[PDB]
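For neighbour counting, all protein chains shown are included, and Cβ atoms are generated from backbone atoms with ideal geometry for every residue, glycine included. All of the numbers you see were taken from the coordinates with simple rules; none came from a lab.
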Amino acid sequence: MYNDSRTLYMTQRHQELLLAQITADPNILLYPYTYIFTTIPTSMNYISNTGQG
Amino acid sequence: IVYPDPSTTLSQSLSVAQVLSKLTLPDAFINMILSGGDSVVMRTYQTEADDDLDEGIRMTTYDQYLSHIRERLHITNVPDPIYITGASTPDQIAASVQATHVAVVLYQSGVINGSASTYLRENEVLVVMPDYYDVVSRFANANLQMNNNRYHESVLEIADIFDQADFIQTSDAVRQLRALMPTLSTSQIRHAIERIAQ
Amino acid sequence: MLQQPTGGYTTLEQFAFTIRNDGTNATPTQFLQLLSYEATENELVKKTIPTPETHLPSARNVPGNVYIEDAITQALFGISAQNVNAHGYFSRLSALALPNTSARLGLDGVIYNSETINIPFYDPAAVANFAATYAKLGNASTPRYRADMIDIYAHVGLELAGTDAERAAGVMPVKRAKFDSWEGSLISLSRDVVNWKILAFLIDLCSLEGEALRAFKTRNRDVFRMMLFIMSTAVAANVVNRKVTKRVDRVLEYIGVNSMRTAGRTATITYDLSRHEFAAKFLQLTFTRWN
Amino acid sequence: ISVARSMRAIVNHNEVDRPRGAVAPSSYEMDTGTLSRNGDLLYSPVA
Amino acid sequence: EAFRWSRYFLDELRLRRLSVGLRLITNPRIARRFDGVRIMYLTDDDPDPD
Amino acid sequence: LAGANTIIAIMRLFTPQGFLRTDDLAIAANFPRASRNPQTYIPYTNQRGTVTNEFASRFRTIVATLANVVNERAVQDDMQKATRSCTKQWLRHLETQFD
């Protein structure tokens, strides 16, 4: 994405929300160049707080 | 209200612009037939049972590399060449040269294996060494011609390694042309872009 | 007054597309074997291609006769610098699209108003379908009509450099293609592929039927992968040539991904802004017919 | 030496045909090829 | 765009004329200077070409 | 050096040039030498390439790294900022005269 930096990277279910609304109303403009990726994936959890004490 | 004519100011521009082009015209031409390539003094180590005057195990200093190869490798935007280091794979040199466009690799620390050492012979990838006191402490070998007690030292070219369709004039017909002149200085080439004026 | 036996004008020795290289003259098939490529990890995925618009431009009344064929090639693979061409007599084509017209399309690449004496021309019936598809190329620079000069190129790279193992899935890894060269190279193939008689090909695509279309696409999927390669180096970002010991390679930066300005400058063929709209209008129109 | 030598000795011999070392014009100094649209100067088909 | 390469500061059209001129300067018939001359005594004459 | 690589750097711009040679045209003709072995410095070789001249390029490297020492010295009161800029018109002019 560093070398590319021109397409917005939606994440499967993130892309479907546009598909659910594009059929709800035809004739509406969206960014044409799109990439869909499922591989995130998963890992460790971490922990923190920014409070006092 | 008076409105000035466009023709009188438009004529001044095309005149000052035409003078500039024919001004530096002869200057840029000699700097094109030349600029083909030069210098970079490297030595090729003749390995094996002395069955060659040119083997392929060549190397230069980190000093010579800092004033000839480094500047040009920044005009053409490339990732710098990877370090051999030691225990490196005989394809890591290949993996680097792919995106580098020019055969070159940096330094040697812990003596490399005789699998990567062979690779450097055919591809002509030159290894820049920070030191020059001794070299065969950093190669594992079958023991032939290695013992530092000579290597036929000559000169390289910027005309060979580093070819770009533009900026380095690479036509061998003119490489043949360039290999004839009686070794120009800075004053010889200056009077050359001077006689061509009048 | 040549005719086609449903073999098509391409099943003929009258006009055949051959590149010259290697000290002798060779067919496109022999050339492409030299193009070897790797991967650089930016996934170039196949999008959908939007259908063209039916409206045909009007061939504004014109006396004399223009070389309709000339411009088709003189824009796509034109080597010598071509200036703005968004304007021009580029749609006289549509004057062949109507049923009974007298205007005929000769061999060599001209469009006569009236068939004249001693001039061999394509068959008046099969040149009709070629027009009802390509005369549509007249409006190539009309705003609200022009194609998109980005996504089609994804389609292009999956063609000349896509191993079938990939196209059957619709996705492939961006490639960097390098073959072995000689002197002029890239510029030499252009001065060469220009004079090819492109009309002798395109006519066949819109006529020949399923029997002789499956067989046509099999013998000519290479004449297409030739005028598609040159058309591609007019886009690639770099042309830097790697060096072996005595050998020279013409690494091409990123085939199939479209930038906006030529890597060639001096080394290869070059496009212009007015031509970027044109190549997208051709590449889009032709793919639906082919694929 | 003598590389720029198109042809030689333009006289016919006393009794025999060809006067020894006699060169005939090259078959290319006498060929007009039509120009291409992009290309400029090319020879004849030969076949 | 223009600040990418220099083109040796030469013109675009004038750079293409260089390509055709670089063929004239290397033709086998124009190179008329010769190197090396072997000295030997064999006094016997026919004029010849070479 | 331990904690001043910044100084042990420019403290290398005094490095000797060329090669040392064992003069033979004196020992072969039996000229009296007060040293056991006849030796000398050269002291800067000659031209090796076509248009390189490494001796001129070595000086160019000195000018390059010696410029940063001047183009870093954080000064105050302005009058040195006046001479801090007009010194490169002497620092670069001199290197062109050298070539």
Dipole moment magnitude, nearest 20 debye, chain E about Cα centre, only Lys, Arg, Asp, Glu C-beta charged: 680 debye
Distance violations [Cα-Cα > 25 Å] among C:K47/C:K175; C:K47/C:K243; C:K197/C:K217: C:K47/C:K243
Spin-label pair F:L91/F:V69, simplified geometry with 7 Å Cα→Cβ offset, distance in nm: 1.1 nm
Within chain C: Cβ-based charge dipole about Cα centre, in debye rounded to nearest 20 (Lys, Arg +1; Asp, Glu -1): 520 debye
Alpha-carbon centroid distance for the pair segment C:59-119 / segment F:23-99, whole angstrom: 70 Å
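Report the antiparallel proportion of the DSSP beta bridges in the protein assembly as shown as a percent, rounded to a multiple of 5. Please list the in-between numbers first.
Numbers: 24 of 36 bridges.
Counting DSSP beta bridges with both partners in the protein assembly as shown, the antiparallel share is about 65 percent.
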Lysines with Cα under 16 Å of C:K136, excluding same-chain neighbours fewer than 8 positions away: C:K281
Environment charge of C:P173, counting only residues whose C-beta is closer than 11 Å and scoring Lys/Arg +1, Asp/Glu -1: -2
Cubic angstrom per residue, convex hull over Cα atoms of the protein assembly as shown: 433 Å³
Hz values of 3J(HN,Hα) by residue in segment C:155-162 - Karplus curve (6.51, -1.76, 1.60), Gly and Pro given as x: 5, 4, x, 6, 9, 7, 9, x
Vicinal HN-Hα couplings computed from phi for segment C:216-230 (Karplus, 6.51 cos²θ - 1.76 cosθ + 1.60; Hz; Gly/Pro x): 6, 5, 8, 8, 10, 5, 10, 5, 7, 6, 10, 7, 10, 6, 4
Taking D:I1, A:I47 and counting other C-beta atoms within 10 Å, the order from fewest to most: A:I47, D:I1
Anchor C:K46: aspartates and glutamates whose Cα lies under 14 Å away (excluding residues fewer than 8 positions away in-chain): C:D151, C:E159, C:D164, C:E166
Full-extension gain in nm, B:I196 to B:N143, via 0.36 nm per residue minus C-alpha separation: 13.4 nm
Mean residue ellipticity (222 nm) of chain F, computed from DSSP H runs ≥ 4 via -39,500 (n - 2.57), nearest 500: -11000 deg cm²/dmol
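Within chain B, what's the longest run with no chymotrypsin sites (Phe, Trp or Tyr not before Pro) in a DSSP loop and at most 15 other beta-carbon atoms within 10 Å? Give the range, please. Intermediate values should be presented prior to the final figure.
Values: sites that count: B:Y132, B:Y133.
Counting only loop sites that pass the neighbour cut-off, the longest clear stretch is B:1-131.
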Residue exposure sequence - C:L199, C:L2, B:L73 - by fewest surrounding Cβ within 10 Å: C:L2, B:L73, C:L199
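Which is the longest part of chain F that has none of the chymotrypsin sites (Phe, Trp or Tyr not before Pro) sitting in a DSSP loop with at most 12 other Cβ atoms within 10 Å? Show your work: numbers first, answer last.
Working: sites that count: F:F14, F:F19, F:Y44.
Of all site-free stretches, the longest is F:45-99.
Suppose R0 equals 51 Å. What FRET efficiency, 1/(1 + (r/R0)^6) with r the Cβ-Cβ distance, do B:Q188 and B:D5 give to the nearest 0.05?
On the way: r = 51 Å, r/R0 = 1.00.
Taking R0 as 51 Å, the efficiency between B:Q188 and B:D5 is 0.50.
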Set of segment D:23-46 residues, backbone N closer than 17 Å to the point 7 Å along the Cα-Cβ line of D:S6: D:23-33
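Could you tell me the ratio Rg/Rh of chain B? Both radii from Cα atoms, Rh via Kirkwood. Intermediate values should be presented prior to the final figure.
Working: Rg = 24.1 Å, Rh = 20.4 Å.
Answer for chain B: 1.18.
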Segment C:191-291: trypsin sites (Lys or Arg not before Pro) falling in loop per DSSP and having at most 16 other Cβ within 10 Å: C:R221, C:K246, C:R247, C:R261
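Would you please name the trypsin sites (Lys or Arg not before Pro) within segment B:92-198 that are DSSP coil residues with at most 13 other C-beta atoms within 10 Å of their C-beta?
On the way: sites: B:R121, B:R138, B:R150, B:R175, B:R178, B:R190, B:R195; in loops: B:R138, B:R150.
Here the trypsin sites (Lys or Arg not before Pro) that fit, given the DSSP loop and packing criteria, are B:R150.
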Selection of trypsin sites (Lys or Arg not before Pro), segment F:41-99, meeting DSSP coil and at most 10 other Cβ within 10 Å: F:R73
With 10 Å bins from 0: P(r) over chain C, alpha-carbon pairs, percent: 6, 27, 36, 23, 7, 1, 0
Exposure proxy ranking, count of Cβ atoms within 10 Å, fewest first, for C:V244, D:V16, C:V194, B:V174: D:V16, C:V244, B:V174, C:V194
